[PDB]
Amino acid sequence: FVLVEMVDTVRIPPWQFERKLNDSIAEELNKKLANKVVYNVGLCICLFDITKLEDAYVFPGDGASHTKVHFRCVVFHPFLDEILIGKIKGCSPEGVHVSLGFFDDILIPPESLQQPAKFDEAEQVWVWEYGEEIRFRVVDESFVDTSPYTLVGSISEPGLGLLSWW
Amino acid sequence: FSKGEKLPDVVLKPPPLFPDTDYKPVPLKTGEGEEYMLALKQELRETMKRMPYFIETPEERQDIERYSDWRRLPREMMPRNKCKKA
Amino acid sequence: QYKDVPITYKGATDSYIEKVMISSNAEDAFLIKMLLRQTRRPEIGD
Amino acid sequence: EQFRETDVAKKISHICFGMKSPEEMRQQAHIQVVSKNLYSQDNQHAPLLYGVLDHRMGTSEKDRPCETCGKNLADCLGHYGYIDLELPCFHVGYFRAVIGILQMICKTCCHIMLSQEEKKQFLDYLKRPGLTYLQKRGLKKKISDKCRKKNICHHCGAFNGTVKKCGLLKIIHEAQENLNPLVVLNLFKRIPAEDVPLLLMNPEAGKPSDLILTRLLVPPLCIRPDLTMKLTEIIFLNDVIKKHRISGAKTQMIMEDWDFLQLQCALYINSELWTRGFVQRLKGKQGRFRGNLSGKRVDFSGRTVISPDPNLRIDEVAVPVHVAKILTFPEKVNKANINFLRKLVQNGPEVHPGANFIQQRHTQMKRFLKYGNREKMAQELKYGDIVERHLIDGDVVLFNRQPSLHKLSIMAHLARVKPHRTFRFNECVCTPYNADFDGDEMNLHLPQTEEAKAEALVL
Amino acid sequence: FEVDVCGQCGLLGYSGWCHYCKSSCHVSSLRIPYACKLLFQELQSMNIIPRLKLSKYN
Amino acid sequence: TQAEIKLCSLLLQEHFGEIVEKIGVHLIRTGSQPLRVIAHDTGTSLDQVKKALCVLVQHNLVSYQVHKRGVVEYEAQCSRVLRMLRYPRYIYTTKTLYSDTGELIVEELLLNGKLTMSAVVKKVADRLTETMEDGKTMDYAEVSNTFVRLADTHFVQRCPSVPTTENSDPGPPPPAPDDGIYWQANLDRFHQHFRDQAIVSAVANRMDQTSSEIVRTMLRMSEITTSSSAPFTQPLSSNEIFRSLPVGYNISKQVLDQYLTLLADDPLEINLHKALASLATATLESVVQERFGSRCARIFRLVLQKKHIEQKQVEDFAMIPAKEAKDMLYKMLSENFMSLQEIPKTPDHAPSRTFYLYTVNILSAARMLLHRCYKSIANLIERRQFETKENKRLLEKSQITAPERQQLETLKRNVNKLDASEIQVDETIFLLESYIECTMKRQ
Amino acid sequence: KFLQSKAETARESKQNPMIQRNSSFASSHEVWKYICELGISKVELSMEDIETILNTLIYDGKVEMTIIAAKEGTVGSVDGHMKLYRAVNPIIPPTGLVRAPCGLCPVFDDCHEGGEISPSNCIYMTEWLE
Amino acid sequence: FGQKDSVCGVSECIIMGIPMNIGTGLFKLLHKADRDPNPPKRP
DNA sequence: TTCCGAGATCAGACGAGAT
DNA sequence: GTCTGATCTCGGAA
Ligand code: SF4
Ligand SMILES: [Mg+2]
Ligand SMILES: [Zn+2]
Ligand SMILES: [Zn+2]
Ligand SMILES: [Zn+2]
């Protein structure tokens with residue numbers, strides 16, 4: 001997890017002029033940047049605070065109010081030094097699929113580095129033996145638009161020993 | 001209509017072509033030096049480095065590079081064998 | 001193979017047919033000519 | 001899973017007028033137009049094949065969609081095609097600048113004939129923090145002053161002369177040298193990028209090598225549904241220049257159809273150096289500037305004969321019923337006109353205080369309120385959505401008497417729906433319009449947005 | 001009318017992405033009269049190229 | 001000359017870096033520009049511009065001089081930057097004319113730009129001893145012997161006196177005892193010496209073996225007494241020709257005297273003006289021979305015979321049919337070799353005139369082919385720029401399946417076919433550029 | 001008058017004594033033949049079935065003035081009416097060669113970057129690299 | 001010339017369809033709703 | 001000696017709108 | 001079918 005300072009031009013429609021701005025911008029910005037990975041940034045989640053909100057213009061068209069909003073939002077972005085704890089929501093013969101608990105089932109570990117009893121043989125064998133720990137290793141995101149996924153990870157499992165569970 | 005069929009051609013093939021890799025024998029000498037200095041000009045002091053990579057990296061941590069007989073005798077001769085101008 | 005091109009009367013108000021003539025032109029091709037009455041009492045604007 | 005995507009429109013900051021080099025003309029176009037001098041219409045059911053109307057280019061009719069989009073004629077833009085001219089030819093738009101550059105650059109080394117001081121004197125002028133069009137076009141005089149006095153360069157020492165503009169679109173340089181556009185292309189290739197800003201061509205917009213045409217963008221089909229006929233006349237001549245080279249003919253005719261292609265490329269731009277060109281679509285009181293960008297035709301606007309009515313206040317125009325049932329104002333539904341618009345949408349487009357279109361809250365097509373149940377549309381009417389109610393009394397229309405001579409010829413008026421087909425106003429306000437009632441007509445526009453309604457009423 | 005141009009190399013690119021520099025990322029819609037769009041597209045037909053440089057609404 | 005600037009963007013990108021190219025290539029595009037103005041227009045921070053100009057003044061690509069404002073305007077000479085392309089060829093002729101020691105002398109002089117004697121002899125005492133036998137150490141005294149031996153034939157000239165302006169800083173340019181004085185290489189002497197190989201190969205492959213050697217010994221004894229701006233060599237007598245002959249020859253004086261008046265009277269004509277003027281047309285003729293066959297090359301030599309006599313004789317003087325000939329003229333016209341119809345004197349009429357006559361102009365066909373050869377090496381390097389970044393996975397595996405290795409030997413066949421072909425078009429540049437410099441006054 | 005003729009059949013026949021060149025030794029001046037070339041032109045060349053057995057110097061010299069443009073000897077003393085010095089010498093090529101595959105293509109000259117004819121993927125260098 | 005014109009006046013803002021800055025488009029309008037640059041949270 | 005004044009020829013334009 | 005500034009050619013002079 002990491003804070004990301006962001007700047008957005010948030011448009012409040014004119015039937016919300018009863019509510020306070022810093023709340024009613026926050027209700028919009030959650031609908032703008034939740035469950036959405038930003039390229040080279042990470043998976044945005046929610047709104048931390050609005051650090052600076054500047055003055056509400058109203059443009060010659062819409063009649064709405066457009067406030068340029070500086071804020072900070074918490075995002076999900078592993079730092080290439082994190083030993084996370086997830087769950088195996090799937091097993092493919094090329095590599096296991098781990099999922100952080102109801103977070104994102106999009107972390108796909110390749111499996112080449114654990115102890116020399118390694119295969120997934122399509123009958124859902126986890127590992128040939130001697131919560132699940134994970135080492136997130138690389139950042140890898142692909143911008144989708146191409147014509148008229150997207151944070152995938154590669155996840156390792158070294159000689160941790162795993163004293164509690166094998 | 002006589003040409004209204006398709007892009008003239010994907011490519012136009014010239015019936016005569018290039019001769020060879022002309023001057024074949026002796027440019028083995030220059031040709032290795034083409035690749036020799038390019039091995040040494042890139043690995044030189046007279047180059048620049050991507051310090052924009054390090055300002056891009058907020059993941060700085062310890063244990064990574066991001067964190068970390070001439071046998072001769074004295075003499076002195078200064079010659080003006082060269083020009084005395086400019 | 002027949003697409004009908006119906007000759008409709010646009011107008012704004014209604015019009016009564018008075019005569020309908022049927023003839024051949026020079027290159028004999030069945031010309032048909034209508035004639036639309038309309039009476040207007042002179043109201044505001046005329 | 002979802003990755004963030006932004007969906008926001010923007011506005012114009014500036015326009016940087018430039019050219020495209022003929023390598024940029026090719027990779028801004030979707031098809032080659034090497035095809036026939038015929039119109040691509042085939043013998044049976046006249047379809048289009050490769051031609052000059054490929055349909056990946058654009059769309060001329062509602063039934064045929066274009067090919068490089070899926071969209072039809074309605075909401076598809078144009079797409080570009082390009083033709084390859086065999087022999088390069090002068091662009092008649094930039095032709096005065098080609099003589100303007102060939103008078104400045106050397107005709108042997110393609111450097112500008114100046115010292116290293118005068119060059120540095122003028123380049124000191126060009127890096128001024130304040131630069132105007134006046135401070136540019138003033139220099140192009142002065143740099144062409146000092147360069148059309150010299151005869152020997154400083155950079156090659158060869159001898160130059162005058163560039164005299166012989167005849168129609170031809171160049172003579174002092175049995176004197178003639179600069180056809182074949183030799184001009186590589187001379188403009190050898191101008192250094194040092195000397196590109198000294199001819200005042202901002203090289204971010206375009207270098208001098210593309211003042212002459214070796215490729216040519218054909219306009220999209222959606223902006224020509226007679227200029228197509230000038231395009232196929234090129235590709236006919238682009239084969240006649242292609243056939244006679246491999247056929248064997250004396251150069252006084254291969255230099256003639258090159259001349260004939262030079263005019264035909266120039267005739268497609270300007271036609272008064274019969275069929276109008278790209279100049280004549282931007283000219284006079286008929287072109288796009290003076291008549292389609294400024295003086296453009298306008299929806300929600302009517303025109304009748306005027307007759308007096310002293311029994312109105314000076315601020316009111318009597319609007320006929322039949323006009324007021326046609327001209328509509330989109331009044332959005334806003335908790336105060338909900339019962340009023342419900343009351344009038346039951347009337348529909350036959351009783352006058354009524355409506356004839358409803359958009360739903362989300363761009364649903366206007367629902368022509370004639371066929372369906374109006375009471376089912378009345379009860380289902382919610383907040384937010386648009387009703388195009390009739391021109392009712394208390395609405396703001398604005399007059400105009402068509403020879404507008406001063407500010408007072410357009411004036412707003414409140415609108416009261418009377419019973420006749422004349423625009424009736426109070427006769428005190430007739431000397432601003434300069435309007436007598438001897439059969440004079442005057443127009444009535446109806447502003448649609450609520451911001452343009454207040455700008456009529458107050459101002 | 002409603003038209004789509006791109007930020008860099010600013011030129012009329014159809015729908016979601018601009019054909020010159022296929023990279024699809026900078027393309028941002030404008031709002032313009034159609035007669036002005038027909039001006040740009042017949043200016044660009046001859047060699048005058050109006051290269052729009054957009055800016056967001058401030 | 002935009003394709004020239006295409007190469008200077010390519011040549012600095014492969015050698016030093018990218019911002020030293022960018023600040024470099026911008027300076028070629030906007031010229032005499034101060035330090036703050038360069039950093040504002042390229043969008044580069046001022047600390048990196050001071051470093052990038054520091055490397056550029058070291059390798060003598062950017063020259064600085066202030067005139068009036070008291071603010072130094074840097075300026076990059078364009079034609080020096082393309083001489084990096086000839087760099088391994090500059091190494092090789094110091095191996096044919098000097099030993100492996102002096103060949104390494106011009107190498108690290110070309111590599112590190114400005115060098116003092118106290119450094120460059122100290123460096124080759126490292127490189128030549130580490131490749132020779134330990135205990136059989138190469139003595140540095142022979143290096144100092146061959147170091148001056150290069151300078152007496154004037155292959156290495158010294159740097160012009162430094163301006164030492166206040167804006168310029170002395171400490172940054174040297175890379176870290178005695179100070180000494182710096183020099184670059186005299187690559188201008190090479191352009192004589194590369195021309196010396198050019199004329200001696202022009203005679204030997206045309207006239208006879210014994211004709212070329214007396215041209216060589218004429219030019220070998222006229223080296224210091226001329227310069228590159230000499231319109232022709234210094235005049236010599238035939239008696240010192242017999243003195244300056246090599247010891248391999250045994251020819252009597254009077255028979256070579258007959259060959260001396262034979263060699264003086266040719267269509268070729270030592271006239272250094274006519275020598276590069278005749279060698280450039282053979283470079284033109286070897287391009288139409290490369291491209292349009294011997295039939296179109298036959299009419300290409302015909303217009304070099306008669307200046308303005310064309311299309312009423314070219315169907316007759318080569319006997320090839322009118323259909324086959326006239327496509328060769330218009331292909332020589334459309335590719336700008338045939339130049340144009342500069343004789344039409346009837347007024348403003350393409351149809352009715354005094355009949356347009358073709359005429360080759362030797363320099364317009366020269367400057368185009370030089371611009372073409374500048375364009376050519378752009379397509380060479382960019383391919384070798386292309387094939388490099390993919391195959392990096394298997395270069396370090398040696399440091400591997402059967403298609404994995406097979407991609408490498410098809411890469412190394414390709415790169416060595418590209419890099420050898422950068423030099424074979426490079427010899428066309430100098431052979432034509434020296435012709436360009438020979439017809440350019442006031443430069 | 002003889003437009004129905006292929007002098008490209010006769011260009012080798014006026015070439016092959018100038019390729020062999022017995023006595024390339026430099027014992028003397030080697031002032032070389034043009035009259036014997038007119039002599040071999042009149043009576044008999046290398047064998048060929050020829051309709052124009054009539055021998056005029058005005059119809060036979062023209063094959064030379066093509067072959068000078070095919071790199072063969074210049075004229076020395078043709079100012080004489082029939083017989084003078086007439087020096088000649090077959091010119092061997094004064095250079096090597098100078099081109100490459102990319103020097104051959106006219107249409108491929110257009111490109112300037114990765115575009116529709118970009119040199120990062122051209123067919124011609126792909127053909128040349130095998 | 002590489003003429004970069006800004007879009008000002010009225011003969012260009014009418015062509016481009018921008019609200020002209022002469023007259024009613026000179027100033028611009030704000031909204032007076034409840035807002036403040038607030039304090040953040042302690043992290 | 002060159003340069004600037006004064007002789008010729010050349011441009012784009014010549015209101016709204018309406019049926 | 002002129003009214004127009006611009007831009008080209010001649011010519012007499014310090
Ligand atoms: S490679 Fe690039 S340059 Fe060489 S031919 Fe193909 S396109 Fe022309
Ligand atoms: Mg009247
Ligand atoms: Zn489309
Ligand atoms: Zn010159
Ligand atoms: Zn784009």
# chains A, B, ... in the order shown; residues from 1 in each chain; ligands from 1
>>> select_by_dssp(residues="chain A", states="strand (DSSP E)", output="PyMOL selection string")
chain A and resi 2-12+36-38+42-44+49-53+57-58+65-76+83-86+91-92+95-96+132-138+154-156
>>> residues_around(residues="residue 5 in chain I", least_positions_apart="5", cutoff="12 Å", atoms="only C-alpha atoms (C1' of nucleotides)", output="PyMOL selection string")
chain J and resi 10-13
>>> write_last_selection(atoms="C-alpha atoms (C1' of nucleotides)", output="short mmCIF file (atom, residue, chain, number, x, y, z; two decimals), in the first residue's frame")
data_model
loop_
_atom_site.label_atom_id
_atom_site.label_comp_id
_atom_site.auth_asym_id
_atom_site.auth_seq_id
_atom_site.Cartn_x
_atom_site.Cartn_y
_atom_site.Cartn_z
"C1'" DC J 10 14.40 52.44 -66.41
"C1'" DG J 11 17.32 56.67 -65.57
"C1'" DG J 12 19.60 60.61 -64.01
"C1'" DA J 13 22.71 61.74 -60.53
#
>>> residues_around(residues="residue 92 in chain G", least_positions_apart="2", cutoff="9 Å", atoms="only C-alpha atoms (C1' of nucleotides)", output="list in words")
residues 205, 206 and 207 of chain F; 71, 72, 90 and 94 of chain G
>>> residues_around(residues="residue 57 in chain E", least_positions_apart="6", cutoff="10 Å", atoms="only C-alpha atoms (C1' of nucleotides)", output="VMD selection string")
(chain A and resid 9 59 66) or (chain D and resid 8 to 13)
>>> write_last_selection(atoms="N, CA and C atoms", output="PDB file, in the first residue's frame")
ATOM      1  N   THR A   9     -10.261  17.056 -11.992  1.00  0.00           N
ATOM      2  CA  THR A   9     -11.263  18.093 -12.176  1.00  0.00           C
ATOM      3  C   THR A   9     -12.623  17.449 -12.012  1.00  0.00           C
ATOM      4  N   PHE A  59     -18.971  26.685 -15.765  1.00  0.00           N
ATOM      5  CA  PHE A  59     -18.513  26.977 -17.100  1.00  0.00           C
ATOM      6  C   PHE A  59     -19.672  27.463 -17.960  1.00  0.00           C
ATOM      7  N   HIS A  66     -17.300  22.818 -11.456  1.00  0.00           N
ATOM      8  CA  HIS A  66     -16.086  22.056 -11.712  1.00  0.00           C
ATOM      9  C   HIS A  66     -14.977  22.522 -10.795  1.00  0.00           C
TER      10      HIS A  66
ATOM     11  N   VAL D   8     -13.111  12.552 -21.081  1.00  0.00           N
ATOM     12  CA  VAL D   8     -13.213  13.995 -20.871  1.00  0.00           C
ATOM     13  C   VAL D   8     -12.917  14.703 -22.189  1.00  0.00           C
ATOM     14  N   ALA D   9     -13.723  15.713 -22.531  1.00  0.00           N
ATOM     15  CA  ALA D   9     -13.509  16.556 -23.700  1.00  0.00           C
ATOM     16  C   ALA D   9     -12.669  17.767 -23.321  1.00  0.00           C
ATOM     17  N   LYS D  10     -12.085  18.406 -24.331  1.00  0.00           N
ATOM     18  CA  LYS D  10     -11.213  19.551 -24.109  1.00  0.00           C
ATOM     19  C   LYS D  10     -11.577  20.698 -25.044  1.00  0.00           C
ATOM     20  N   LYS D  11     -10.799  21.777 -25.025  1.00  0.00           N
ATOM     21  CA  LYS D  11     -11.095  22.962 -25.814  1.00  0.00           C
ATOM     22  C   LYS D  11      -9.844  23.407 -26.553  1.00  0.00           C
ATOM     23  N   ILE D  12     -10.035  24.278 -27.542  1.00  0.00           N
ATOM     24  CA  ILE D  12      -8.921  24.736 -28.356  1.00  0.00           C
ATOM     25  C   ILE D  12      -8.103  25.740 -27.564  1.00  0.00           C
ATOM     26  N   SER D  13      -6.787  25.538 -27.529  1.00  0.00           N
ATOM     27  CA  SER D  13      -5.875  26.547 -27.014  1.00  0.00           C
ATOM     28  C   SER D  13      -5.282  27.409 -28.116  1.00  0.00           C
TER      29      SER D  13
END
>>> interface_residues(of="chain D", to="chain I", cutoff="9 Å", atoms="only C-alpha atoms (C1' of nucleotides)", output="number ranges by chain")
D: 284, 402-405
>>> write_last_selection(atoms="C-alpha atoms", output="short mmCIF file (atom, residue, chain, number, x, y, z; two decimals), in the first residue's frame")
data_model
loop_
_atom_site.label_atom_id
_atom_site.label_comp_id
_atom_site.auth_asym_id
_atom_site.auth_seq_id
_atom_site.Cartn_x
_atom_site.Cartn_y
_atom_site.Cartn_z
CA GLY D 284 -16.65 35.40 -51.58
CA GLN D 402 -32.89 41.51 -42.52
CA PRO D 403 -31.03 44.65 -43.65
CA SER D 404 -29.53 44.98 -40.19
CA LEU D 405 -27.89 48.39 -40.14
#
>>> residues_near_ligand(ligand="ligand 4", cutoff="12 Å", atoms="only C-alpha atoms (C1' of nucleotides) and all ligand atoms", output="list in words")
residues 104, 105, 106, 107, 108, 109, 110, 111, 112, 113, 114, 150, 151, 152, 153, 154, 155, 156, 157, 158, 159, 160 and 161 of chain D; 439, 440, 441, 442 and 443 of chain F
>>> write_last_selection(atoms="C-alpha atoms", output="compact mmCIF listing (two decimals), in the first residue's frame")
# COMPACT_ATOMS: atom_id res chain seq x y z
CA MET D 104 17.17 33.78 -50.91
CA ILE D 105 19.01 30.44 -51.01
CA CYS D 106 21.97 29.75 -53.26
CA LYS D 107 21.18 27.77 -56.39
CA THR D 108 24.34 25.71 -56.04
CA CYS D 109 24.93 24.95 -52.35
CA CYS D 110 21.44 25.68 -50.93
CA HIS D 111 22.69 28.03 -48.24
CA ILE D 112 21.20 31.48 -47.71
CA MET D 113 23.46 34.15 -49.21
CA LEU D 114 24.44 36.11 -46.09
CA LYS D 150 24.26 39.82 -53.59
CA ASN D 151 25.65 37.74 -56.44
CA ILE D 152 28.38 35.72 -54.71
CA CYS D 153 27.79 33.67 -51.58
CA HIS D 154 30.08 33.35 -48.62
CA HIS D 155 29.53 29.63 -48.15
CA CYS D 156 30.23 28.29 -51.63
CA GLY D 157 31.39 31.31 -53.61
CA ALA D 158 29.36 30.35 -56.65
CA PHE D 159 27.48 32.94 -58.67
CA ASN D 160 23.76 33.56 -58.30
CA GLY D 161 21.38 35.92 -60.03
CA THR F 439 34.91 23.21 -55.99
CA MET F 440 33.94 25.33 -52.98
CA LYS F 441 35.56 28.75 -52.79
CA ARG F 442 35.59 30.94 -49.67
CA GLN F 443 35.58 27.96 -47.31
>>> residues_near_ligand(ligand="ligand 2", cutoff="9 Å", atoms="only C-alpha atoms (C1' of nucleotides) and all ligand atoms", output="VMD selection string")
chain D and resid 434 to 441
>>> residues_near_ligand(ligand="ligand 1", cutoff="10 Å", atoms="only C-alpha atoms (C1' of nucleotides) and all ligand atoms", output="short mmCIF file (atom, residue, chain, number, x, y, z; two decimals) with C-alpha atoms, in the first residue's frame")
data_model
loop_
_atom_site.label_atom_id
_atom_site.label_comp_id
_atom_site.auth_asym_id
_atom_site.auth_seq_id
_atom_site.Cartn_x
_atom_site.Cartn_y
_atom_site.Cartn_z
CA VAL B 11 7.71 -3.57 -53.92
CA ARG F 372 21.58 9.96 -50.80
CA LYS F 375 20.37 8.78 -46.18
CA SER F 376 21.83 5.33 -46.86
CA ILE F 377 23.72 5.00 -43.59
CA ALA F 378 20.60 6.03 -41.74
CA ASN F 379 18.95 2.91 -43.08
CA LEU F 380 22.02 0.86 -42.18
CA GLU F 382 18.66 1.80 -37.76
CA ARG F 383 18.49 -1.83 -38.83
CA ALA G 100 24.73 -1.30 -51.89
CA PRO G 101 21.22 -2.89 -52.17
CA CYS G 102 19.57 0.33 -50.81
CA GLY G 103 21.28 2.36 -53.60
CA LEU G 104 19.20 0.34 -56.16
CA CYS G 105 15.60 1.10 -54.94
CA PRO G 106 13.89 4.38 -56.14
CA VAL G 107 10.46 3.94 -54.42
CA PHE G 108 12.11 2.60 -51.20
CA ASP G 109 13.94 5.96 -50.91
CA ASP G 110 10.68 7.22 -49.31
CA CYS G 111 10.54 6.15 -45.59
CA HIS G 112 12.49 8.54 -43.31
CA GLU G 113 11.28 6.52 -40.25
CA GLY G 114 9.10 3.58 -39.35
CA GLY G 115 6.21 4.20 -41.72
CA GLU G 116 4.67 2.27 -44.59
CA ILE G 117 8.12 1.75 -46.11
CA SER G 118 10.15 1.92 -42.90
CA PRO G 119 13.68 0.39 -43.21
CA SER G 120 13.37 -1.42 -39.85
CA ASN G 121 11.30 -3.85 -41.92
CA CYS G 122 12.10 -3.51 -45.60
CA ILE G 123 12.05 -6.47 -47.92
CA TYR G 124 15.28 -5.46 -49.66
CA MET G 125 17.65 -5.65 -46.73
CA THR G 126 15.89 -8.86 -45.74
#
>>> interface_residues(of="chain E", to="chain A", cutoff="10 Å", atoms="only C-alpha atoms", output="list in words")
residues 14, 15, 16, 17, 18, 19, 22, 23, 24, 25, 56, 57 and 58 of chain E
>>> residues_around(residues="residue 4 in chain A", least_positions_apart="2", cutoff="7 Å", atoms="only C-alpha atoms (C1' of nucleotides)", output="PyMOL selection string")
chain A and resi 2+6+72-75
>>> select_by_dssp(residues="range 362-391 of chain D", states="alpha helix (DSSP H)", output="list in words")
residues 374, 375, 376, 377, 378 and 379 of chain D
>>> residues_around(residues="range 28-41 of chain E", least_positions_apart="6", cutoff="10 Å", atoms="only C-alpha atoms (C1' of nucleotides)", output="ChimeraX atom specification")
/D:6-12,77-80,219-220,222-223,281-282,288-289,292-294,296 /E:1-7,10-18,48-52,54-56 /H:14-18
>>> residues_around(residues="residue 46 in chain E", least_positions_apart="3", cutoff="7 Å", atoms="only C-alpha atoms (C1' of nucleotides)", output="PyMOL selection string")
(chain D and resi 217) or (chain E and resi 42-43)
>>> write_last_selection(atoms="C-alpha atoms", output="compact mmCIF listing (two decimals), in the first residue's frame")
# COMPACT_ATOMS: atom_id res chain seq x y z
CA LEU D 217 -3.93 14.14 -50.07
CA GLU E 42 -10.74 20.79 -46.54
CA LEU E 43 -7.78 22.85 -45.40
>>> residues_near_ligand(ligand="ligand 3", cutoff="8 Å", atoms="only C-alpha atoms (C1' of nucleotides) and all ligand atoms", output="PyMOL selection string")
(chain D and resi 56-58+65-72+76-79) or (chain E and resi 14)
>>> write_last_selection(atoms="N, CA and C atoms", output="PDB file, in the first residue's frame")
ATOM      1  N   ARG D  56     -13.424   3.752 -47.993  1.00  0.00           N
ATOM      2  CA  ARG D  56     -12.645   3.613 -46.725  1.00  0.00           C
ATOM      3  C   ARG D  56     -12.259   5.061 -46.503  1.00  0.00           C
ATOM      4  N   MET D  57     -12.467   5.872 -47.528  1.00  0.00           N
ATOM      5  CA  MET D  57     -12.248   7.302 -47.601  1.00  0.00           C
ATOM      6  C   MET D  57     -13.389   7.981 -46.870  1.00  0.00           C
ATOM      7  N   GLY D  58     -14.606   7.819 -47.362  1.00  0.00           N
ATOM      8  CA  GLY D  58     -15.725   8.419 -46.672  1.00  0.00           C
ATOM      9  C   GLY D  58     -17.053   7.797 -47.020  1.00  0.00           C
ATOM     10  N   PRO D  65     -22.346   2.308 -45.714  1.00  0.00           N
ATOM     11  CA  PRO D  65     -21.412   2.739 -44.678  1.00  0.00           C
ATOM     12  C   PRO D  65     -19.996   2.768 -45.222  1.00  0.00           C
ATOM     13  N   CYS D  66     -19.132   3.525 -44.542  1.00  0.00           N
ATOM     14  CA  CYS D  66     -17.735   3.541 -44.955  1.00  0.00           C
ATOM     15  C   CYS D  66     -17.080   2.262 -44.464  1.00  0.00           C
ATOM     16  N   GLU D  67     -15.880   1.952 -44.933  1.00  0.00           N
ATOM     17  CA  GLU D  67     -15.363   0.638 -44.594  1.00  0.00           C
ATOM     18  C   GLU D  67     -14.384   0.678 -43.432  1.00  0.00           C
ATOM     19  N   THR D  68     -13.642   1.768 -43.261  1.00  0.00           N
ATOM     20  CA  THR D  68     -12.629   1.748 -42.214  1.00  0.00           C
ATOM     21  C   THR D  68     -13.223   2.068 -40.853  1.00  0.00           C
ATOM     22  N   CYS D  69     -14.436   2.605 -40.826  1.00  0.00           N
ATOM     23  CA  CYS D  69     -15.240   2.567 -39.617  1.00  0.00           C
ATOM     24  C   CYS D  69     -16.410   1.654 -39.890  1.00  0.00           C
ATOM     25  N   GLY D  70     -17.289   1.500 -38.922  1.00  0.00           N
ATOM     26  CA  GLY D  70     -18.524   0.828 -39.224  1.00  0.00           C
ATOM     27  C   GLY D  70     -19.613   1.842 -39.462  1.00  0.00           C
ATOM     28  N   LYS D  71     -19.353   3.097 -39.106  1.00  0.00           N
ATOM     29  CA  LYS D  71     -20.414   4.082 -39.014  1.00  0.00           C
ATOM     30  C   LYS D  71     -20.903   4.484 -40.396  1.00  0.00           C
ATOM     31  N   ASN D  72     -22.116   4.998 -40.422  1.00  0.00           N
ATOM     32  CA  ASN D  72     -22.793   5.414 -41.629  1.00  0.00           C
ATOM     33  C   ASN D  72     -22.458   6.869 -41.908  1.00  0.00           C
ATOM     34  N   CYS D  76     -20.003   9.579 -38.815  1.00  0.00           N
ATOM     35  CA  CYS D  76     -18.643   9.236 -39.186  1.00  0.00           C
ATOM     36  C   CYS D  76     -17.984  10.454 -39.787  1.00  0.00           C
ATOM     37  N   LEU D  77     -16.727  10.671 -39.426  1.00  0.00           N
ATOM     38  CA  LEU D  77     -15.969  11.757 -40.018  1.00  0.00           C
ATOM     39  C   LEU D  77     -15.495  11.334 -41.398  1.00  0.00           C
ATOM     40  N   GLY D  78     -14.574  12.085 -41.980  1.00  0.00           N
ATOM     41  CA  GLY D  78     -13.916  11.667 -43.192  1.00  0.00           C
ATOM     42  C   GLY D  78     -12.665  10.885 -42.842  1.00  0.00           C
ATOM     43  N   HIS D  79     -12.196  10.113 -43.798  1.00  0.00           N
ATOM     44  CA  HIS D  79     -10.892   9.504 -43.682  1.00  0.00           C
ATOM     45  C   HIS D  79     -10.138   9.819 -44.956  1.00  0.00           C
TER      46      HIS D  79
ATOM     47  N   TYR E  14     -10.471   9.841 -36.376  1.00  0.00           N
ATOM     48  CA  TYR E  14     -11.832   9.321 -36.261  1.00  0.00           C
ATOM     49  C   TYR E  14     -12.122   8.434 -35.059  1.00  0.00           C
TER      50      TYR E  14
END
>>> closest_atom_pairs(of="chain D", to="ligand 5", cutoff="12 Å", atoms="only C-alpha atoms and all ligand atoms", output="tab-separated table")
residue	atom	partner	partner_atom_place_in_ligand_line	distance
D:24	CA	ligand 5	1 (Zn)	11.5
D:27	CA	ligand 5	1 (Zn)	10.6
D:28	CA	ligand 5	1 (Zn)	9.0
